[PDB]
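Counting starts at 1 for both ligands and their atoms, in listed order. Computed from heavy atoms alone, side chains included, the values below leave out hydrogens, waters and symmetry copies. Here is how names work: the chains are called A, B, and so on, in the same order as the sequence lines, proteins then strands, and each is numbered from 1.
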Amino acid sequence: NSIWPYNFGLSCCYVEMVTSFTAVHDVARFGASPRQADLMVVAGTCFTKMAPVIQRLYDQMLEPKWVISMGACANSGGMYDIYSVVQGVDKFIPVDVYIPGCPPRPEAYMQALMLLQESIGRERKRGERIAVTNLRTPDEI
Amino acid sequence: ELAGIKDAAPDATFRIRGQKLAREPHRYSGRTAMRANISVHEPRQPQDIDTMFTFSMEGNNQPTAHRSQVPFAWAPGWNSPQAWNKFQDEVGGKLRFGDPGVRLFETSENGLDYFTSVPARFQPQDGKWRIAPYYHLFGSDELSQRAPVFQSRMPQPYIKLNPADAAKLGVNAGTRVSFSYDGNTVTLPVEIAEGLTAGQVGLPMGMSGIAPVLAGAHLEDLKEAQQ
Amino acid sequence: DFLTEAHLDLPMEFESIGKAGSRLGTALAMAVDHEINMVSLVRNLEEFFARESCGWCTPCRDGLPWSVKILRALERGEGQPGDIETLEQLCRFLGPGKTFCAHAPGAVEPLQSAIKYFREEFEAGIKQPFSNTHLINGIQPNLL
Amino acid sequence: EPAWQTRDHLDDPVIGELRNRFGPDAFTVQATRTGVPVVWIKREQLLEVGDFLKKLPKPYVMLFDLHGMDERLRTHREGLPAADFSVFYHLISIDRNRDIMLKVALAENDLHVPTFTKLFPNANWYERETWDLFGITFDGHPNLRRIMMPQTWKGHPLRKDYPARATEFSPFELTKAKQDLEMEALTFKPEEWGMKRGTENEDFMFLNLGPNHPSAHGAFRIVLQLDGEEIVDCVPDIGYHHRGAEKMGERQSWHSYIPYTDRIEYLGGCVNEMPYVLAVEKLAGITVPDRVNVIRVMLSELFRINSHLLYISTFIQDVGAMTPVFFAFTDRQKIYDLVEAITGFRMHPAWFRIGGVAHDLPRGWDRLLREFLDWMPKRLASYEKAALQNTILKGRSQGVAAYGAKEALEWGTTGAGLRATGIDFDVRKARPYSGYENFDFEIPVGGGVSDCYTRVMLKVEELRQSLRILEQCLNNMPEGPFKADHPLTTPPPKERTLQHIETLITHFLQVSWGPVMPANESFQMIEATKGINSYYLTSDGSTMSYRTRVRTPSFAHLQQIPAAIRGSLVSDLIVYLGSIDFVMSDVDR
Amino acid sequence: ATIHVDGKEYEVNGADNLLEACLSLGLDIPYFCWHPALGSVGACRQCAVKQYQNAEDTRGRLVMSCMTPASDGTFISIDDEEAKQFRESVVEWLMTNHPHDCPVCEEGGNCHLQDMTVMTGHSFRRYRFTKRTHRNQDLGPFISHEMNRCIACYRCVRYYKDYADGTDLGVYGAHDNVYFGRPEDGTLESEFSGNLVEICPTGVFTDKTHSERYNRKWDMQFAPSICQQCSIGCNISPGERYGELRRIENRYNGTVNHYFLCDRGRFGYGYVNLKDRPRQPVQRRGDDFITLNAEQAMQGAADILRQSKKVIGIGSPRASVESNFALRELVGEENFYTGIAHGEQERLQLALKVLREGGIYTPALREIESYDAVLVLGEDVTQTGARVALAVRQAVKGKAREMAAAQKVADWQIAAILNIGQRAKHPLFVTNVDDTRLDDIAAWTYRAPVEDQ
Amino acid sequence: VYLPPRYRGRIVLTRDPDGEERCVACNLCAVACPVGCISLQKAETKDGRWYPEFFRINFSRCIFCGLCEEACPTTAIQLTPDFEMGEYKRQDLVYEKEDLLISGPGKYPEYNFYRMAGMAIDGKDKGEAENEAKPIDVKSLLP
Ligand code: SF4
Ligand code: SF4
Ligand code: SF4
Ligand code: SF4
Ligand code: SF4
Ligand code: SF4
Ligand code: SF4
Ligand code: FES
Ligand SMILES: [Mg+2]
Ligand SMILES: [Mg+2]
Ligand SMILES: [Mg+2]
Ligand SMILES: [Mg+2]
Ligand SMILES: [Mg+2]
Ligand SMILES: [Mg+2]
Ligand SMILES: [Mg+2]
């Protein structure tokens, strides 16, 4: 129950979860650098220029460290299968929890924090989503 | 003698304005998911050091490109086979910038002599049956016949016989017949062939169990199936 | 081509009737009396000209049946806006030169000639709002 | 005239002048679907045509854009000189509401062009990028380092013969690029970055300011040269947010590229896809109905209000002292809820389609917008008065980084940077686009100086006008289609392709192979949330772009920074960065 | 030889129709029934272009491009408003009866009707009434049949009957109910019936071998390859998807097989998708099999071969020029044995000698369609190399073309050329042990042993 | 949290008013995807019915643009208001039809593509589509 996330959000993912703390337990109540960090959150596109920065910020934090890869750009390339973008943060950093979306909703980050802390202390969620009869039609609000 | 195979196609390092020729349409689909069940980290596109083509769309396939080896015909607005109109100088004419082939030899100045060897007339031998080659489009090729689609199409094995020689034995229109050519004793149905000359038997060349090398050879004994 | 009562005094020869809009064919006239609805008569003609065709050229083979169906709908009372304007487009695109033979150029002569003189009997059949879609549920139609 | 037909501008008072001064054989006027006369100058007469244009009765006093183009594989190039590569210069004039696009043909072997960095100073970064992406050198450039790619790159990306896809990941090259950074953080030589080496007795620390700082929307790695705590010279280091978005336009059809237009510069959802969609509509020949125009301007106003609220709040908070205008972000969320109810996507809606819009507005957008327009105005008034009566702001940010009309013109500044110097040049009012002309909204300008406070006050009163436009949109939304009936609209209105075979065929081919835009060139310039950006599309007749050039404004706004702050302190630079509305994805595209 | 198209002035061959010339110049005219191999018939009416005269006739007349001679003083305009509207309405008429099934059609992104419907700029349905429907036939195990998608362009019938001499496919019915198929369900007898899958502009005839494991055209990956089922070098372009050969399509070659293949080459490709093909070098250690690497296999093979008193190689006649050579180099020139019987080779090197050392020109596969007389002495050309049989079939129709050119009939008006011929052919004398497939056109067939021939 | 009826969300495959799946495996969504994260293969039911043999969508690449749903001519694939769980391995973010095929008709309740198509399946014969006429045989007697 003690995580101080060092949000390394680069692109529109960053300004989408600009209010990530809102859904947080320990932060926002006192009692901010990778030298004293435990959780890194890679959110924006992983370019071929920011990659050394990301890797050194990973090697600066100490071993009890978990990284969360938010968005579809940090996970695997993205829509940007381009010459100047590394095709996933896991290409050079061992990721712990992946989150899909472009960009993911802050609820996704909240749930990712919960799902990662449950690792320390679709198949499992398929029945609910698979069998829903009907949906609200796109004609109202 | 094969010095002409070097010109049959441009080697590697042949580029069209720096680009190498493409093997896939520009809008080739499912690139980051067609190999996802095996592993989600997509591999690098395969490297073609052999030829001038790339196993990807990052290449060039334009009607006005200056090469004669076209993987496929597509032009903006003309998706179908009619896109081959854009690739030829005059429609129905040769491919623009020539056609991809090199004849190895050109007609010589002087020809051969007359072959002064006429074969003697074919007189049928009693107890021997010269094999007449019958070739089938489906099933007479070593590799095509293996296609599970040609099994439906290829004919059933048979041995054609002249009516004057089918009636000479007891065999009639469909009776199985056993014959020995080598160690093997094959047994095939019988079809009557009115056009086949008397002292011959037909056999489907290439079809499994009958080697195309069995053309001109004579099977030494033929009789009813002896059920 | 149909002709009204005014054209009844011109001499029966090629040039006269050709200049009057119609054409002298076999010179065997047909008199249509007042009790014959023109839309029903033109439907009876176009269904013969459409069923009696051959399959070689698209304008005839595929456009005469469309005119037959439009005329059946017009004589049943289920015409729609854009029907007569679709029939008139068939008289220009089935004319001489657009089709392989002369069957359709002549097939579409009574149609245009009846429209010209009796358009009122054709309009009187248009009693429906043009509609062609079926309103798929979740899609909002493209308005006008 | 349908307002998009291919027309050469022979009846333009500038080509007559160019003919009177150079003779009627020194150039060839190309007929394009842009709005500007495209003249094909020779390489040797470039520096004497640019200067002649700069010295005129009503001159061309702004170089708006300058980038190359690879023509080696281009079939339909009729009426154009023989060229392998080519560089174009789009010069804007303000006193006369006219533009001109010079062009220079080049050969693959002799690939170099005289430098424009003497006429228009805002050609340094443009030529650096043209040399970075194309192999086009510029004879006489102060420093011609690669600006977008790292100096260790080997190829030239935007060339045709360069694969536009990511290559096998290189761990050892990453290892080298990571170790050499930490090692060679030892000699920030002035000569390579052009900083003249100081005096050796001042602060030679050469602080690489903010490799990761929240003031700038990205790394942006600005390098400093201080004498005391003054800046005497500074060079920005950009390229860290460059996802290939101009080369992607050559790998995606005219339809699939719209999400990339949305990502070009976030914070603006439909503002970014408006110029691309209008340019490809020019390429196609579509004239959208009134309903589509009003829908597009409503969405772009919503996103403009959103981005302006974010910028104002962030500057107010980041100057050091602020009223708890926590809600303005709440209102941003409210606008996002509206955009989500309308487009379905919230962020990066990717709503605008070629020839129209994706869906007809939902059934209950009326009340959804009316409650917003009844909840906003009093909030904005409070917003305007709290930001004005806050004297801490007028102290910490007033005269911090001030430039005039001349500097804003010569550095390519647009938006609120410009138009605060007194140059009333707004694209919505000058060159009305997408039925902008039918609304009543006055464009706020400033008097003389253009500093942080004046820029922020201008962006503040640039909100009430957006709200007036929104209220007019709500009051009179015309009834009609949301997609122009045209054989090239993409894709055809669904309820018809679901039941008609012709529309199904059109939809099939347009979403499978892409719509075939006839060979031509198009251009559309709009007024974005932060500056002016425009798309210069070149269709080779295929189902994808042959070239997509995005002019984003934050490029010039960052380029101007060294000139704007010289002899200023570091805090002045910080509040300057906080005042110029810029994004790093906007900069690097 | 100097036409005016939309003001522009081009230079064309004045001996071909306006559709052919305009398509050779790079212009875009829609057309369904014209094929550059089957001549021009004016059936579909879809290649209409306005034709003027005097260079100042402001009111031309609509005429079909494929049927006008494209002479010298010709003034046309492809883009005329009336021509545009007629071409559009012509596809609208075809779309009146079409089936709403592009998604399920075997050929999407490959259909010519889709191309021409998007080309004529028609994306709105005014038709309101029912469509005509048709029942399908069972044409064989090769090609399917969906007569709902027929636009009656007559390409299938023209090709199959007048070109390939099929005799078991034609047209039935009339008056918008016309039908193109076999007289009764059954397999199509013609060897060259596969070409119906690309001759037909719509998805009426589509091959089953690709229909089973289907993939849209864009998804395919092609490469220029050569058919390997025959002694001719018919240029194909096989398509792959998900790691298996999906289909074999024709690759134009104006010197060998311009537009047409066999069925043995178009459909006999299924031997590469077999699930028993060797995929790794294995070694038989007595009775068990152990899969090897590449370097492991090479090292093991070399270790066993270096200890051998003599190594011989047996190349095949179906490999490639290198594969055989490469082998020849591995075993020595001396130890390389052609994997064909002695008699199979003697009459192969004799044929090679006749081709090389005999001062007689051996024609290409398309130059066979230009010879007057043919003597097929000892070969069942239809069953061994069948494209030569189709070329001969094209050569025997040369007398009709001569009779037509002597009467000043253009070489693209195929209906008049055929009508003038009236079953008059060049002499062709086949010769085989029994009946052939070229007997319907042969002047005389000799049925005798290979000594009497 | 309230999400708009608008599709953005978690791709999902639906079924028609009947029990059968909507998808017909035409690849129109696999090619319209900007990212190329959809990959399927068409299989054919015994009678005549097209259906996807395997359907696979890479959710580590999906940007949720909605272009796929916009391209599908059979309304099979739709974007519904619900987010994917953030997986642990990234391999488990590749959904394979089993996961995607929902039990219901989705946003559009009564649309049945095969009621529109012209080719025959088990349900409808040649002349039983929507706005279609019974097939007249060429061997008929009527003129
Ligand atoms: S995942 Fe989407 S929102 Fe996040 S950085 Fe990438 S493109 Fe931007
Ligand atoms: S117009 Fe003549 S040729 Fe054409 S379909 Fe009708 S009858 Fe046949
Ligand atoms: S034949 Fe062509 S137009 Fe007709 S349904 Fe098939 S793909 Fe569509
Ligand atoms: S079956 Fe095909 S080729 Fe034959 S007429 Fe119909 S569309 Fe033309
Ligand atoms: S004739 Fe037939 S079998 Fe021979 S190469 Fe050509 S296509 Fe293949
Ligand atoms: S999801 Fe839609 S577009 Fe994709 S294959 Fe299925 S029916 Fe076709
Ligand atoms: S919504 Fe996702 S799955 Fe569908 S087209 Fe877009 S990126 Fe691909
Ligand atoms: S192609 Fe000329 S009439 Fe059909
Ligand atoms: Mg190889
Ligand atoms: Mg000719
Ligand atoms: Mg049936
Ligand atoms: Mg059947
Ligand atoms: Mg029949
Ligand atoms: Mg076909
Ligand atoms: Mg070798």
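Contact annotation: the side chain of E:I414 approaches that of E:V41 to within less than 4.5 Å [non-hydrogen atoms, C-beta and beyond]. Between E:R155 and E:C200 there is no side-chain heavy-atom pair separated by less than 4.5 Å.
With waters neither drawn nor counted, the protein N/O/S atoms under 2.8 Å from atom 8 (Fe) of ligand 3 amount to 1.
Using cut-offs of 30° and 60° on the angle between ring planes, the pair E:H258 and E:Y163 is perpendicular.
Tested against E:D185, the residues E:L139, E:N136, E:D138 include a single side-chain contact (heavy atoms from CB on, under 4.5 Å) partner, E:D138. Of the candidates E:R247, E:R266, E:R251, E:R266 is the only one forming a salt bridge (charged side-chain N to carboxylate O under 4.0 Å, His left out) with E:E198.
Remark: E:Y52 pairs with no residue by the ring-ring contact (aromatic ring centres under 6.0 Å, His included) rule, at least two apart or across chains. E:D101 pairs by the salt bridge (charged side-chain N to carboxylate O under 4.0 Å, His left out) definition with E:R149, not counting sequence neighbours.
Using a 4.0 Å heavy-atom criterion, the residues that approach ligand 8 are E:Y31, E:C33, E:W34, E:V41, E:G42, E:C44, E:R45, E:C47, E:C66.
A donor and an acceptor atom, one from each side chain of E:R241 and B:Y28, are located under 3.5 Å apart.
Ionic pairing of F:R49 and F:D16 is present here: one or more N-O contacts between side-chain nitrogen and carboxylate oxygen are shorter than 4.0 angstrom.
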